[PDB]
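J.: Pasting in a structure now, in structure tokens, and then I'll have a few things to ask.
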Amino acid sequence: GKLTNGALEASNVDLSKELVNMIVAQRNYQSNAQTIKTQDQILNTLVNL
Amino acid sequence: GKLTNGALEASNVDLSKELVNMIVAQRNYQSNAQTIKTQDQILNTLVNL
Amino acid sequence: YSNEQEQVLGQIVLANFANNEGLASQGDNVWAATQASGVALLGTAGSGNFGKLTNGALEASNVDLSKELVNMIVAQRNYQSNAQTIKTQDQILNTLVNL
Amino acid sequence: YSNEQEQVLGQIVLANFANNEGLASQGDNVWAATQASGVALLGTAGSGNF
Amino acid sequence: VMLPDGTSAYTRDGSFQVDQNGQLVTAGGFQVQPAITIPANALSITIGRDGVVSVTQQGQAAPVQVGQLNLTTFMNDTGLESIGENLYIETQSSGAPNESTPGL
Amino acid sequence: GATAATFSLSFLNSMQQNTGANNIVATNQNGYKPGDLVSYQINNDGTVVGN
Amino acid sequence: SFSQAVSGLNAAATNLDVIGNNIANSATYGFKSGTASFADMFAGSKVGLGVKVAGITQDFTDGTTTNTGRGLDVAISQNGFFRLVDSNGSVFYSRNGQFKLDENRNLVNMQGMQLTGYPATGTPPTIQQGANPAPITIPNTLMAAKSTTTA
Amino acid sequence: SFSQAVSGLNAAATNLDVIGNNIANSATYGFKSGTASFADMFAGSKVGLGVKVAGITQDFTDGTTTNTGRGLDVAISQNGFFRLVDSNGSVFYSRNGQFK
Amino acid sequence: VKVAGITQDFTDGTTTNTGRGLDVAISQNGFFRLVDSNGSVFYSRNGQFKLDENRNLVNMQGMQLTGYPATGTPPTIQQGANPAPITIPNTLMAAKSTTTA
Amino acid sequence: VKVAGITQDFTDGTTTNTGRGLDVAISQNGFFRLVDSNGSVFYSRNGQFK
């Protein structure tokens, strides 16, 4: 490609989409932790029986 | 078409229409953000169960 | 053309259905004919049951955001009420299991 | 290319199965053909049932 | 549904699949009567309220019927004998199988 | 070549007094030309009417 | 028991999804709003097993007709649908008016489906309505001369 | 589903960026404004999966012709495009008529 | 204790406008009469009516709305006739030779 | 009870724009056909190619 003098290439990170992805990943993590908690409860019932 | 000498063709961007469209698009963006918040609250309610 | 003479190249045809709501949306703001929608009746603009065409203009959507932003609130409340019912049944099952 | 001329290098083939479910998943978001799924019917995208 | 022995069993579970030949079978691999065959190039399967099975093919202006799903009723439902895999077979206390259209 | 329409034409309710000038008040007839379906609606009292 | 509230939650989720889709399409020419239709699910018992989504109904009402000034933007007032054909020959219908003149001189929309219509045949060309619709094309083919037959 | 809201937000952001870019070029000879074109993405189900930007369409309407008094600026009326070549022989087209 | 029964609450609900010409609601008392494909007759207060493929007025589930048909030229509501499924034909409406003017 | 089977739900997912020219998404029916180093034939809907 062409070189442009006197200019710098900024990053290609858009903050809005990254924030939305952070929100979605937070929700996924919380759901997975809920699954972990569910498994923790089934083994408790069996151990106690 | 013919060529006009000693003259330049300016852009066809009308500032009033651009400003009004910016206002409308901002409102649409905020509406979509409200939708995102709604889904966030729904998922939070389900995880807190 | 340049000889000061006009030539027709084609006429836009319009299709109307017995049941518009039976059309299946295929994306790209495009509908597809289906048996529930009935067979497409073809015709010309301004004749029969076909409206006229406005040239140089675009038909915008019919979505009213004030109404939608209200609705969303109602649906959120209904969803949370249903989740409350779910959690009530969960506590019921826990009560019966704990016996 | 740089000589304002273009060269086709291939066409991506798509597979359709008589029983999409009978596919045995091998992981890595990848499926394998199985007797339940039947033989794979090959074609081009956007044509026929593809 | 048709058992491999050629005899008829009766099931209420409706999760149907398609085998390598294109026919309708029960999720346990047992082929459900009547013989309803789904073609290779099917886009969408529509099963109506009366059991009429139809498919729509590409480039074909009309949907195509590939069979008719019927329901079997018994004058005594309890007497049916379960053979597993969500399947009941007919005994002498379960009356006789009465085939009927779904809505008749 | 179509059959000529034979109809009863009535000048009922008409009057001759000292008006401004000889003028027609109203004219009506029960015949119409062929027409195709344009619209349909459900009236307030429940009747379905096609225009 | 559980299935009742499960069906209720699913119906509420479907309604919220339809509303979100409507909002996301706030500015989309030729888009019609959608609404979910719900129905009861009684089965023998009077307890009202649950609810189900009978379908999604569009609201086929005319939107605002906004002037753009291009000569390939055409809007259908009242009833009517533009007829389009893809590369397979399948027939589709759309209310969008954003047509572009492609490289092959055909009138196609943004996604490339070719606009269809009655073609012109003969000399002088006239619209023959007895034929099936064909894609509309605009060739540059110079127009030939006509020697005079009536003055 | 998050997908529809995310797609709507992305489409609104794209439209807003297009509007801002048009604003930034209000005083730029040879510039044509742009408009984003949106399309829905229904996929099998009737729930309206989301929205997508089908493209960005230019507005090739002639702008106002402003005299400058220099003889080497040429404005173009109606249809047409000025033809240029770079140092590597590639061919390009422009409506800007500011030459030296 | 014994569940004596399940009592419906037949009070009028809110009337919300939608703008559809085939959409109608009942105020006060009264029920829409529908017919199933097998001829069984039902009654419902829901007013989401749509035109089907065969030009009949049906609800979402496909039950045909029923009512008094029209006979004669000009057609008139036959109050003495049995209710029949409502159909909106698109057939060409012929001309009537003028009889009175 | 007995596990009768593990059935997949082959309904089309959302098409999410990313902007990479090597990424392809499948609409409607169809599968991408792949081969490993051993020549085994596999099928995948994942369209992140490099």
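By order in the structure tokens, chains are A, B, ...; within a chain, residues start at 1; ligands start at 1, following the order shown.
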What does chain B look like after a least-squares fit onto chain A on every Cα paired in order, written as a JSON list (two decimals) with C-alpha atoms, in the first residue's frame?

T.:
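Final output, saved to selection_9.json:
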```
[["chain", "number", "residue", "atom", "x", "y", "z"],
["B", 1, "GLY", "CA", -0.30, 0.53, -0.52],
["B", 2, "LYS", "CA", 1.32, 3.94, -0.55],
["B", 3, "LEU", "CA", 2.68, 5.83, 2.45],
["B", 4, "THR", "CA", 1.00, 8.91, 3.93],
["B", 5, "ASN", "CA", 3.46, 11.46, 5.29],
["B", 6, "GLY", "CA", 2.90, 13.49, 8.43],
["B", 7, "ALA", "CA", 0.16, 11.13, 9.59],
["B", 8, "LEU", "CA", -0.31, 8.12, 11.86],
["B", 9, "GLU", "CA", -2.69, 5.18, 11.61],
["B", 10, "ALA", "CA", -4.91, 4.85, 14.67],
["B", 11, "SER", "CA", -6.27, 1.60, 16.07],
["B", 12, "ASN", "CA", -9.39, 0.02, 14.56],
["B", 13, "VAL", "CA", -11.06, -0.59, 17.94],
["B", 14, "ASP", "CA", -14.60, 0.78, 18.12],
["B", 15, "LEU", "CA", -15.59, 1.39, 21.74],
["B", 16, "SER", "CA", -19.35, 0.89, 21.28],
["B", 17, "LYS", "CA", -18.98, -2.61, 19.85],
["B", 18, "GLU", "CA", -16.47, -3.47, 22.58],
["B", 19, "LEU", "CA", -18.85, -2.34, 25.33],
["B", 20, "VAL", "CA", -21.80, -4.27, 23.88],
["B", 21, "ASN", "CA", -19.67, -7.40, 23.46],
["B", 22, "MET", "CA", -18.49, -6.98, 27.05],
["B", 23, "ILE", "CA", -22.11, -6.90, 28.23],
["B", 24, "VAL", "CA", -22.98, -10.03, 26.24],
["B", 25, "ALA", "CA", -19.88, -11.89, 27.44],
["B", 26, "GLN", "CA", -20.64, -10.94, 31.06],
["B", 27, "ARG", "CA", -24.12, -12.40, 30.67],
["B", 28, "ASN", "CA", -22.70, -15.60, 29.15],
["B", 29, "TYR", "CA", -20.19, -15.88, 32.01],
["B", 30, "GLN", "CA", -22.99, -15.54, 34.56],
["B", 31, "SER", "CA", -25.00, -18.20, 32.72],
["B", 32, "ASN", "CA", -22.05, -20.60, 32.92],
["B", 33, "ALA", "CA", -21.69, -19.77, 36.62],
["B", 34, "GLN", "CA", -25.37, -20.67, 37.04],
["B", 35, "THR", "CA", -24.64, -24.02, 35.38],
["B", 36, "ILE", "CA", -21.77, -24.56, 37.83],
["B", 37, "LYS", "CA", -24.11, -23.77, 40.72],
["B", 38, "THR", "CA", -26.65, -26.26, 39.36],
["B", 39, "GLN", "CA", -24.05, -29.03, 39.30],
["B", 40, "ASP", "CA", -22.97, -28.02, 42.81],
["B", 41, "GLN", "CA", -26.52, -28.40, 44.13],
["B", 42, "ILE", "CA", -26.90, -31.76, 42.37],
["B", 43, "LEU", "CA", -23.70, -33.09, 43.94],
["B", 44, "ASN", "CA", -24.67, -31.72, 47.36],
["B", 45, "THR", "CA", -28.05, -33.45, 47.10],
["B", 46, "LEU", "CA", -26.37, -36.75, 46.25],
["B", 47, "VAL", "CA", -23.82, -36.50, 49.07],
["B", 48, "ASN", "CA", -26.52, -35.61, 51.61],
["B", 49, "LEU", "CA", -28.25, -38.92, 50.80]]
```

J.: Hey, list the chain F side of the contact with chain C: 9 Å cut-off, only C-alpha atoms, answer as a PyMOL selection string.

T.: chain F and resi 36-39

J.: Near stretch 4-10 of chain F, counting only C-alpha atoms, which residues have an atom at most 7 Å away, once you skip same-chain residues fewer than 5 positions from it, shown as a short mmCIF file (atom, residue, chain, number, x, y, z; two decimals) with N, CA, C and O atoms, in the first residue's frame?

T.:
```cif
data_model
loop_
_atom_site.label_atom_id
_atom_site.label_comp_id
_atom_site.auth_asym_id
_atom_site.auth_seq_id
_atom_site.Cartn_x
_atom_site.Cartn_y
_atom_site.Cartn_z
N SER I 97 -78.99 -3.10 -16.41
CA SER I 97 -79.73 -2.24 -17.32
C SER I 97 -80.63 -1.30 -16.53
O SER I 97 -81.30 -1.72 -15.58
N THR I 98 -80.64 -0.03 -16.92
CA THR I 98 -81.42 0.97 -16.20
C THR I 98 -82.91 0.63 -16.27
O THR I 98 -83.44 0.31 -17.33
N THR I 99 -83.57 0.70 -15.11
CA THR I 99 -84.99 0.40 -15.01
C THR I 99 -85.84 1.58 -14.55
O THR I 99 -86.95 1.74 -15.07
N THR I 100 -85.37 2.39 -13.61
CA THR I 100 -86.10 3.55 -13.14
C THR I 100 -85.17 4.75 -13.11
O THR I 100 -84.01 4.64 -12.69
N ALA I 101 -85.68 5.90 -13.55
CA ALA I 101 -84.93 7.15 -13.50
C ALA I 101 -85.84 8.24 -12.96
O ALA I 101 -87.04 8.28 -13.25
#
```

J.: Any idea which chain C residues end up within 9 Å of chain I if we count only C-alpha atoms, as a list in words please?

T.: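 Per the criterion, chain C yields residues 18, 19, 20, 21, 22, 35, 36, 37, 38 and 39 of chain C.
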
J.: Report, in Å with one decimal, the straight-line distance from atom CA of residue F:32 to atom CA of residue I:93.

T.: 10.2 Å

J.: For residue I:23, list every protein, DNA or RNA residue within 12 Å, evaluated using only C-alpha atoms, and leave out those in the same chain fewer than 4 positions away; present the list as an NGL selection string.

T.: (:F and (41-44 or 46)) or (:G and (59)) or (:I and (15-19 or 45-51 or 57-60))

J.: I need the chosen residues saved as a PDB file, in the first residue's frame, with N, CA, C and O atoms.

T.:
```pdb
ATOM      1  N   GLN F  41     -64.828  -3.500   3.475  1.00  0.00           N
ATOM      2  CA  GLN F  41     -64.836  -2.996   4.840  1.00  0.00           C
ATOM      3  C   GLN F  41     -65.919  -3.694   5.648  1.00  0.00           C
ATOM      4  O   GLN F  41     -66.848  -4.287   5.095  1.00  0.00           O
ATOM      5  N   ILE F  42     -65.782  -3.615   6.969  1.00  0.00           N
ATOM      6  CA  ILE F  42     -66.776  -4.115   7.909  1.00  0.00           C
ATOM      7  C   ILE F  42     -67.403  -2.912   8.598  1.00  0.00           C
ATOM      8  O   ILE F  42     -66.717  -2.170   9.313  1.00  0.00           O
ATOM      9  N   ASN F  43     -68.701  -2.718   8.387  1.00  0.00           N
ATOM     10  CA  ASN F  43     -69.395  -1.554   8.907  1.00  0.00           C
ATOM     11  C   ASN F  43     -69.551  -1.642  10.425  1.00  0.00           C
ATOM     12  O   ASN F  43     -69.233  -2.653  11.058  1.00  0.00           O
ATOM     13  N   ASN F  44     -70.050  -0.550  11.008  1.00  0.00           N
ATOM     14  CA  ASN F  44     -70.293  -0.475  12.443  1.00  0.00           C
ATOM     15  C   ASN F  44     -71.330  -1.489  12.908  1.00  0.00           C
ATOM     16  O   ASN F  44     -71.133  -2.118  13.953  1.00  0.00           O
ATOM     17  N   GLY F  46     -72.019  -4.312  11.543  1.00  0.00           N
ATOM     18  CA  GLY F  46     -71.621  -5.663  11.216  1.00  0.00           C
ATOM     19  C   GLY F  46     -71.716  -6.047   9.755  1.00  0.00           C
ATOM     20  O   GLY F  46     -71.198  -7.105   9.379  1.00  0.00           O
TER      21      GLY F  46
ATOM     22  N   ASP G  59     -48.264  -5.377   9.504  1.00  0.00           N
ATOM     23  CA  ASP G  59     -49.177  -4.240   9.433  1.00  0.00           C
ATOM     24  C   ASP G  59     -48.904  -3.564   8.094  1.00  0.00           C
ATOM     25  O   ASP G  59     -48.033  -2.694   7.995  1.00  0.00           O
TER      26      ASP G  59
ATOM     27  N   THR I  15     -60.508  -1.709  24.611  1.00  0.00           N
ATOM     28  CA  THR I  15     -60.540  -1.702  23.156  1.00  0.00           C
ATOM     29  C   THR I  15     -59.367  -0.888  22.629  1.00  0.00           C
ATOM     30  O   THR I  15     -59.351   0.341  22.747  1.00  0.00           O
ATOM     31  N   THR I  16     -58.392  -1.575  22.043  1.00  0.00           N
ATOM     32  CA  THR I  16     -57.173  -0.951  21.549  1.00  0.00           C
ATOM     33  C   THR I  16     -57.229  -0.878  20.031  1.00  0.00           C
ATOM     34  O   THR I  16     -57.448  -1.896  19.366  1.00  0.00           O
ATOM     35  N   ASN I  17     -57.042   0.323  19.490  1.00  0.00           N
ATOM     36  CA  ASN I  17     -57.091   0.507  18.046  1.00  0.00           C
ATOM     37  C   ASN I  17     -55.840  -0.058  17.381  1.00  0.00           C
ATOM     38  O   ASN I  17     -54.746  -0.022  17.950  1.00  0.00           O
ATOM     39  N   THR I  18     -56.016  -0.622  16.183  1.00  0.00           N
ATOM     40  CA  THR I  18     -54.909  -1.162  15.407  1.00  0.00           C
ATOM     41  C   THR I  18     -54.819  -0.593  13.999  1.00  0.00           C
ATOM     42  O   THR I  18     -53.729  -0.597  13.421  1.00  0.00           O
ATOM     43  N   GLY I  19     -55.926  -0.108  13.439  1.00  0.00           N
ATOM     44  CA  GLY I  19     -55.922   0.459  12.107  1.00  0.00           C
ATOM     45  C   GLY I  19     -56.185  -0.514  10.980  1.00  0.00           C
ATOM     46  O   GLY I  19     -56.152  -0.103   9.814  1.00  0.00           O
ATOM     47  N   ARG I  45     -64.575 -14.345  21.252  1.00  0.00           N
ATOM     48  CA  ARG I  45     -64.560 -12.890  21.333  1.00  0.00           C
ATOM     49  C   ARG I  45     -63.376 -12.259  20.613  1.00  0.00           C
ATOM     50  O   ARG I  45     -63.350 -11.033  20.462  1.00  0.00           O
ATOM     51  N   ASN I  46     -62.401 -13.050  20.170  1.00  0.00           N
ATOM     52  CA  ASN I  46     -61.216 -12.506  19.517  1.00  0.00           C
ATOM     53  C   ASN I  46     -61.597 -12.016  18.126  1.00  0.00           C
ATOM     54  O   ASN I  46     -62.373 -12.671  17.422  1.00  0.00           O
ATOM     55  N   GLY I  47     -61.052 -10.870  17.727  1.00  0.00           N
ATOM     56  CA  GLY I  47     -61.455 -10.250  16.482  1.00  0.00           C
ATOM     57  C   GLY I  47     -60.370 -10.106  15.436  1.00  0.00           C
ATOM     58  O   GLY I  47     -60.476  -9.257  14.547  1.00  0.00           O
ATOM     59  N   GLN I  48     -59.320 -10.921  15.529  1.00  0.00           N
ATOM     60  CA  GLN I  48     -58.238 -10.881  14.511  1.00  0.00           C
ATOM     61  C   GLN I  48     -58.671 -11.691  13.292  1.00  0.00           C
ATOM     62  O   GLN I  48     -58.257 -12.858  13.197  1.00  0.00           O
ATOM     63  N   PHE I  49     -59.451 -11.093  12.394  1.00  0.00           N
ATOM     64  CA  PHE I  49     -59.973 -11.743  11.202  1.00  0.00           C
ATOM     65  C   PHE I  49     -59.136 -11.361   9.990  1.00  0.00           C
ATOM     66  O   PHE I  49     -58.772 -10.197   9.806  1.00  0.00           O
ATOM     67  N   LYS I  50     -58.829 -12.358   9.165  1.00  0.00           N
ATOM     68  CA  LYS I  50     -58.038 -12.149   7.963  1.00  0.00           C
ATOM     69  C   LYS I  50     -58.661 -12.922   6.812  1.00  0.00           C
ATOM     70  O   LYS I  50     -59.362 -13.915   7.009  1.00  0.00           O
ATOM     71  N   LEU I  51     -58.393 -12.449   5.598  1.00  0.00           N
ATOM     72  CA  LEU I  51     -58.881 -13.102   4.393  1.00  0.00           C
ATOM     73  C   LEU I  51     -57.908 -14.205   3.997  1.00  0.00           C
ATOM     74  O   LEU I  51     -56.698 -13.976   3.932  1.00  0.00           O
ATOM     75  N   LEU I  57     -63.520 -15.153   5.194  1.00  0.00           N
ATOM     76  CA  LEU I  57     -63.063 -14.453   6.390  1.00  0.00           C
ATOM     77  C   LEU I  57     -62.808 -15.472   7.491  1.00  0.00           C
ATOM     78  O   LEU I  57     -63.748 -16.082   8.013  1.00  0.00           O
ATOM     79  N   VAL I  58     -61.542 -15.660   7.848  1.00  0.00           N
ATOM     80  CA  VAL I  58     -61.145 -16.619   8.869  1.00  0.00           C
ATOM     81  C   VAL I  58     -60.288 -15.911   9.908  1.00  0.00           C
ATOM     82  O   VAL I  58     -59.678 -14.871   9.638  1.00  0.00           O
ATOM     83  N   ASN I  59     -60.256 -16.477  11.110  1.00  0.00           N
ATOM     84  CA  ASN I  59     -59.394 -15.971  12.170  1.00  0.00           C
ATOM     85  C   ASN I  59     -58.001 -16.578  12.005  1.00  0.00           C
ATOM     86  O   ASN I  59     -57.668 -17.161  10.969  1.00  0.00           O
ATOM     87  N   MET I  60     -57.161 -16.434  13.031  1.00  0.00           N
ATOM     88  CA  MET I  60     -55.789 -16.928  12.945  1.00  0.00           C
ATOM     89  C   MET I  60     -55.737 -18.441  12.763  1.00  0.00           C
ATOM     90  O   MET I  60     -54.920 -18.942  11.983  1.00  0.00           O
TER      91      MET I  60
END
```

J.: Take atom CA of residue E:70 and atom CA of residue E:33 and report the distance between them in Å, one decimal.

T.: 8.2 Å

J.: State, in Å with one decimal place, the distance from atom CA of residue G:80 to atom CA of residue E:60.

T.: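 Separation of atom CA of residue G:80 and atom CA of residue E:60: 23.4 Å.
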
J.: Tell me, as a PDB file with N, CA, C and O atoms, in the first residue's frame, which residues lie within 10 Å of stretch 41-45 of chain H, counting only C-alpha atoms; anything in the same chain fewer than 3 positions away does not count.

T.:
```
ATOM      1  N   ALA C  24     -44.478 -14.752   2.975  1.00  0.00           N
ATOM      2  CA  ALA C  24     -43.346 -15.144   3.808  1.00  0.00           C
ATOM      3  C   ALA C  24     -42.186 -14.189   3.562  1.00  0.00           C
ATOM      4  O   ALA C  24     -41.727 -14.041   2.425  1.00  0.00           O
ATOM      5  N   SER C  25     -41.718 -13.540   4.626  1.00  0.00           N
ATOM      6  CA  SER C  25     -40.599 -12.618   4.500  1.00  0.00           C
ATOM      7  C   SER C  25     -39.293 -13.386   4.355  1.00  0.00           C
ATOM      8  O   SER C  25     -38.950 -14.218   5.199  1.00  0.00           O
ATOM      9  N   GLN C  26     -38.564 -13.103   3.280  1.00  0.00           N
ATOM     10  CA  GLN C  26     -37.306 -13.774   2.983  1.00  0.00           C
ATOM     11  C   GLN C  26     -36.087 -12.924   3.304  1.00  0.00           C
ATOM     12  O   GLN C  26     -34.973 -13.291   2.916  1.00  0.00           O
ATOM     13  N   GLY C  27     -36.263 -11.805   3.999  1.00  0.00           N
ATOM     14  CA  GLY C  27     -35.168 -10.888   4.230  1.00  0.00           C
ATOM     15  C   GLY C  27     -34.967  -9.957   3.052  1.00  0.00           C
ATOM     16  O   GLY C  27     -35.662 -10.019   2.038  1.00  0.00           O
ATOM     17  N   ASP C  28     -33.976  -9.076   3.200  1.00  0.00           N
ATOM     18  CA  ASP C  28     -33.674  -8.055   2.195  1.00  0.00           C
ATOM     19  C   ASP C  28     -34.916  -7.236   1.857  1.00  0.00           C
ATOM     20  O   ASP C  28     -35.129  -6.840   0.709  1.00  0.00           O
ATOM     21  N   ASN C  29     -35.723  -6.950   2.888  1.00  0.00           N
ATOM     22  CA  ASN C  29     -37.054  -6.343   2.744  1.00  0.00           C
ATOM     23  C   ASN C  29     -37.780  -6.863   1.506  1.00  0.00           C
ATOM     24  O   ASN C  29     -38.217  -6.092   0.649  1.00  0.00           O
ATOM     25  N   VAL C  30     -37.908  -8.185   1.413  1.00  0.00           N
ATOM     26  CA  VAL C  30     -38.477  -8.862   0.255  1.00  0.00           C
ATOM     27  C   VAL C  30     -39.403  -9.968   0.740  1.00  0.00           C
ATOM     28  O   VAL C  30     -39.063 -10.715   1.662  1.00  0.00           O
TER      29      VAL C  30
ATOM     30  N   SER E  44     -39.537 -26.941   2.793  1.00  0.00           N
ATOM     31  CA  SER E  44     -40.282 -26.817   4.037  1.00  0.00           C
ATOM     32  C   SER E  44     -41.397 -27.851   4.044  1.00  0.00           C
ATOM     33  O   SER E  44     -42.071 -28.059   3.031  1.00  0.00           O
TER      34      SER E  44
ATOM     35  N   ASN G  21     -37.084  -6.182  16.928  1.00  0.00           N
ATOM     36  CA  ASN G  21     -36.922  -6.175  15.479  1.00  0.00           C
ATOM     37  C   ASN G  21     -37.568  -4.945  14.860  1.00  0.00           C
ATOM     38  O   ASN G  21     -37.009  -4.336  13.941  1.00  0.00           O
ATOM     39  N   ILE G  56     -47.044 -14.361  13.450  1.00  0.00           N
ATOM     40  CA  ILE G  56     -46.609 -12.971  13.376  1.00  0.00           C
ATOM     41  C   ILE G  56     -47.361 -12.315  12.228  1.00  0.00           C
ATOM     42  O   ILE G  56     -47.264 -12.760  11.078  1.00  0.00           O
TER      43      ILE G  56
ATOM     44  N   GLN H   4     -30.647  -8.969  17.325  1.00  0.00           N
ATOM     45  CA  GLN H   4     -31.422  -7.925  16.660  1.00  0.00           C
ATOM     46  C   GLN H   4     -31.064  -6.542  17.185  1.00  0.00           C
ATOM     47  O   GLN H   4     -30.870  -5.604  16.403  1.00  0.00           O
ATOM     48  N   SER H   7     -27.549  -5.594  15.967  1.00  0.00           N
ATOM     49  CA  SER H   7     -27.565  -5.209  14.560  1.00  0.00           C
ATOM     50  C   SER H   7     -28.188  -3.831  14.374  1.00  0.00           C
ATOM     51  O   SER H   7     -27.708  -3.024  13.568  1.00  0.00           O
ATOM     52  N   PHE H  38     -30.559   0.192   4.304  1.00  0.00           N
ATOM     53  CA  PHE H  38     -30.753  -0.866   5.281  1.00  0.00           C
ATOM     54  C   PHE H  38     -31.698  -1.931   4.741  1.00  0.00           C
ATOM     55  O   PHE H  38     -32.588  -1.647   3.933  1.00  0.00           O
ATOM     56  N   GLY H  48     -37.946 -11.874  12.882  1.00  0.00           N
ATOM     57  CA  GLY H  48     -37.200 -10.701  12.469  1.00  0.00           C
ATOM     58  C   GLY H  48     -35.817 -10.622  13.084  1.00  0.00           C
ATOM     59  O   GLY H  48     -35.578  -9.806  13.978  1.00  0.00           O
ATOM     60  N   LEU H  49     -34.907 -11.481  12.621  1.00  0.00           N
ATOM     61  CA  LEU H  49     -33.596 -11.673  13.236  1.00  0.00           C
ATOM     62  C   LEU H  49     -32.841 -10.369  13.468  1.00  0.00           C
ATOM     63  O   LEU H  49     -32.135 -10.236  14.472  1.00  0.00           O
ATOM     64  N   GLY H  50     -32.961  -9.410  12.562  1.00  0.00           N
ATOM     65  CA  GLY H  50     -32.335  -8.126  12.770  1.00  0.00           C
ATOM     66  C   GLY H  50     -32.366  -7.246  11.541  1.00  0.00           C
ATOM     67  O   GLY H  50     -33.275  -7.328  10.715  1.00  0.00           O
ATOM     68  N   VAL H  51     -31.349  -6.393  11.432  1.00  0.00           N
ATOM     69  CA  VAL H  51     -31.180  -5.497  10.296  1.00  0.00           C
ATOM     70  C   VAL H  51     -29.727  -5.554   9.842  1.00  0.00           C
ATOM     71  O   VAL H  51     -28.831  -5.941  10.599  1.00  0.00           O
ATOM     72  N   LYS H  52     -29.501  -5.179   8.585  1.00  0.00           N
ATOM     73  CA  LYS H  52     -28.162  -5.092   8.025  1.00  0.00           C
ATOM     74  C   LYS H  52     -28.101  -3.930   7.045  1.00  0.00           C
ATOM     75  O   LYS H  52     -29.115  -3.510   6.482  1.00  0.00           O
TER      76      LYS H  52
ATOM     77  N   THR J  11     -31.764 -24.957  12.805  1.00  0.00           N
ATOM     78  CA  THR J  11     -32.384 -23.719  12.357  1.00  0.00           C
ATOM     79  C   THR J  11     -31.311 -22.661  12.150  1.00  0.00           C
ATOM     80  O   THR J  11     -30.346 -22.578  12.913  1.00  0.00           O
ATOM     81  N   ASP J  12     -31.482 -21.854  11.105  1.00  0.00           N
ATOM     82  CA  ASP J  12     -30.462 -20.878  10.749  1.00  0.00           C
ATOM     83  C   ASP J  12     -30.300 -19.837  11.848  1.00  0.00           C
ATOM     84  O   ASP J  12     -31.276 -19.252  12.327  1.00  0.00           O
ATOM     85  N   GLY J  13     -29.050 -19.607  12.249  1.00  0.00           N
ATOM     86  CA  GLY J  13     -28.755 -18.594  13.234  1.00  0.00           C
ATOM     87  C   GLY J  13     -28.649 -17.214  12.622  1.00  0.00           C
ATOM     88  O   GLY J  13     -28.770 -17.024  11.414  1.00  0.00           O
ATOM     89  N   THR J  14     -28.423 -16.230  13.487  1.00  0.00           N
ATOM     90  CA  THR J  14     -28.291 -14.857  13.024  1.00  0.00           C
ATOM     91  C   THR J  14     -27.019 -14.687  12.205  1.00  0.00           C
ATOM     92  O   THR J  14     -25.983 -15.288  12.501  1.00  0.00           O
ATOM     93  N   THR J  15     -27.107 -13.861  11.168  1.00  0.00           N
ATOM     94  CA  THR J  15     -25.960 -13.539  10.334  1.00  0.00           C
ATOM     95  C   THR J  15     -25.334 -12.240  10.825  1.00  0.00           C
ATOM     96  O   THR J  15     -25.884 -11.156  10.604  1.00  0.00           O
ATOM     97  N   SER J  27     -26.651 -19.081   4.180  1.00  0.00           N
ATOM     98  CA  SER J  27     -28.078 -18.878   4.369  1.00  0.00           C
ATOM     99  C   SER J  27     -28.838 -20.120   3.923  1.00  0.00           C
ATOM    100  O   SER J  27     -28.385 -20.858   3.043  1.00  0.00           O
ATOM    101  N   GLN J  28     -29.991 -20.354   4.543  1.00  0.00           N
ATOM    102  CA  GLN J  28     -30.852 -21.498   4.214  1.00  0.00           C
ATOM    103  C   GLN J  28     -30.059 -22.786   4.463  1.00  0.00           C
ATOM    104  O   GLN J  28     -29.291 -22.879   5.429  1.00  0.00           O
TER     105      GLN J  28
END
```

J.: I need the chain E residues near chain C as a PyMOL selection string; criterion: at most 12 Å, counting only C-alpha atoms.

T.: chain E and resi 44+46+54-57+59-64

J.: Kindly save the residues from that selection, with C-alpha atoms included, as a PDB file, in the first residue's frame.

T.:
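File written: selection27.pdb
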```
ATOM      1  CA  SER E  44     -40.282 -26.817   4.037  1.00  0.00           C
ATOM      2  CA  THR E  46     -46.149 -28.508   6.315  1.00  0.00           C
ATOM      3  CA  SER E  54     -47.106 -31.258   1.982  1.00  0.00           C
ATOM      4  CA  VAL E  55     -43.705 -30.052   0.786  1.00  0.00           C
ATOM      5  CA  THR E  56     -42.711 -27.080  -1.371  1.00  0.00           C
ATOM      6  CA  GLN E  57     -40.040 -27.539  -4.035  1.00  0.00           C
ATOM      7  CA  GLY E  59     -39.133 -23.447  -8.825  1.00  0.00           C
ATOM      8  CA  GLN E  60     -42.510 -25.150  -8.346  1.00  0.00           C
ATOM      9  CA  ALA E  61     -45.418 -22.720  -8.027  1.00  0.00           C
ATOM     10  CA  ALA E  62     -47.549 -25.117  -5.994  1.00  0.00           C
ATOM     11  CA  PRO E  63     -46.898 -27.175  -2.851  1.00  0.00           C
ATOM     12  CA  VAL E  64     -46.790 -30.934  -3.355  1.00  0.00           C
TER      13      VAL E  64
END
```

J.: Using only C-alpha atoms, what table do you get, as a Markdown table, when you list each residue of chain I with an atom no more than 12 Å from chain E, its nearest pair of atoms, and their distance in Å rounded to one decimal, rows by chain then rising number?

T.:
```
| residue | atom | partner | partner_atom | distance |
| --- | --- | --- | --- | --- |
| I:36 | CA | E:103 | CA | 9.9 |
| I:37 | CA | E:103 | CA | 8.7 |
| I:38 | CA | E:103 | CA | 7.0 |
| I:39 | CA | E:103 | CA | 10.5 |
| I:40 | CA | E:103 | CA | 10.4 |
| I:61 | CA | E:49 | CA | 9.8 |
| I:62 | CA | E:49 | CA | 10.0 |
| I:63 | CA | E:49 | CA | 11.8 |
```
